[PDB]
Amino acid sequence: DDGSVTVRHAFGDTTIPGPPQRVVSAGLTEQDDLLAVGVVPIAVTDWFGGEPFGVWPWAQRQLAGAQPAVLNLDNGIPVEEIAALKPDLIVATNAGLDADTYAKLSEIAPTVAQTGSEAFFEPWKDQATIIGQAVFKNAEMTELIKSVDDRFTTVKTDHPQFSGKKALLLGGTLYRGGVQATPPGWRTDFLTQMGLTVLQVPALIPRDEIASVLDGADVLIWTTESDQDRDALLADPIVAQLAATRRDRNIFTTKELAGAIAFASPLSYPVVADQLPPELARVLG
């Protein structure tokens, strides 16, 4: 139709006839893209942290007084619940969507899928861009993406000491005695943009390789969500003998900073640009 918008995604094309009045956020992080441009969803899908409406502090202002339904993915995408919400747009870029489930959601309303072959956690910019298109606010979304990039560029300018310093981004809990890590990729781009060197690392470092891998870094960023989490890591006898532990080069994130890194959104990344550089500066100089 004239006035309509068509977006292209992993399962073909979706046409949105006009600015949507009832948007369902069916994936783990899309609410931040929607809220960034003033589209308040009628449903949000919870991921973690027990936040009100699944909306973390950096997006609460934008939510304001809204009382959206809260969904979850415990038993996959809740198709029947979504149908009952009578949406006119379903955003499911970070929801584990497959072709079958896309077809089912499309019967309910125009549905926005992941752009390529990653059904969860596709590049944040790809997700932001298609959502901005679908809600008729692509100009602002482009600006928001620019704004985030500029924040990290500015961090680099404010902290030239970060240059050439090797960083690892680690999970806040051990898994079967091993360390969880974020391998280089879109998720580590923000660190690279701040001037840091992002070490090659496997997604899981087995217990017998922890010293071998982690002692190669100048700073370790553990995405802890509590004091309980940090003290459990420091209580581990291998972690206790890391060069990073000895030289006080561990960063144990607050819950909000851990959450902000995880969401990697137009609204959450500004929180990372605010709170992470002081922690980096504390340990790197």
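Note that residue numbering begins at 1 and tracks the sequence as displayed.
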Exercise for the section: Tell me which of 257 to 265 and 7 to 15 has the higher mean C-alpha B-factor in the deposited entry. Expected result: 7 to 15
Handout entry: Stretch exceeding the other in mean C-alpha B-factor - 156 to 164, 88 to 96
Key = 156 to 164
Handout entry: Highest-ranked of 171, 195, 132, 178 once sorted by CA temperature factor in the record
Key = 195
Fill in the blank from the handout: Among 144, 211, 112, 79, the highest C-alpha B-factor in the PDB entry belongs to 79
Practice task
Grab the CA temperature factor for residue 45 from the record and place it in the lowest, middle or highest third of its chain.
Solution key: middle
Handout entry: Third of the chain, ranked by Cα B-factor, where residue 127 sits
Key = lowest
Exercise for the section: Select lowest, middle or highest to describe the third in which the CA B-factor of residue 139 falls within its chain in this entry. Expected result: lowest
Practice task
Comparing against every modelled residue in the chain, figure out the third that the C-alpha B-factor of residue 63 lands in (lowest, middle or highest).
Solution key: middle
Handout entry: Where the record places residue 39 (Cα B-factor, split into thirds across the chain)
Key = lowest
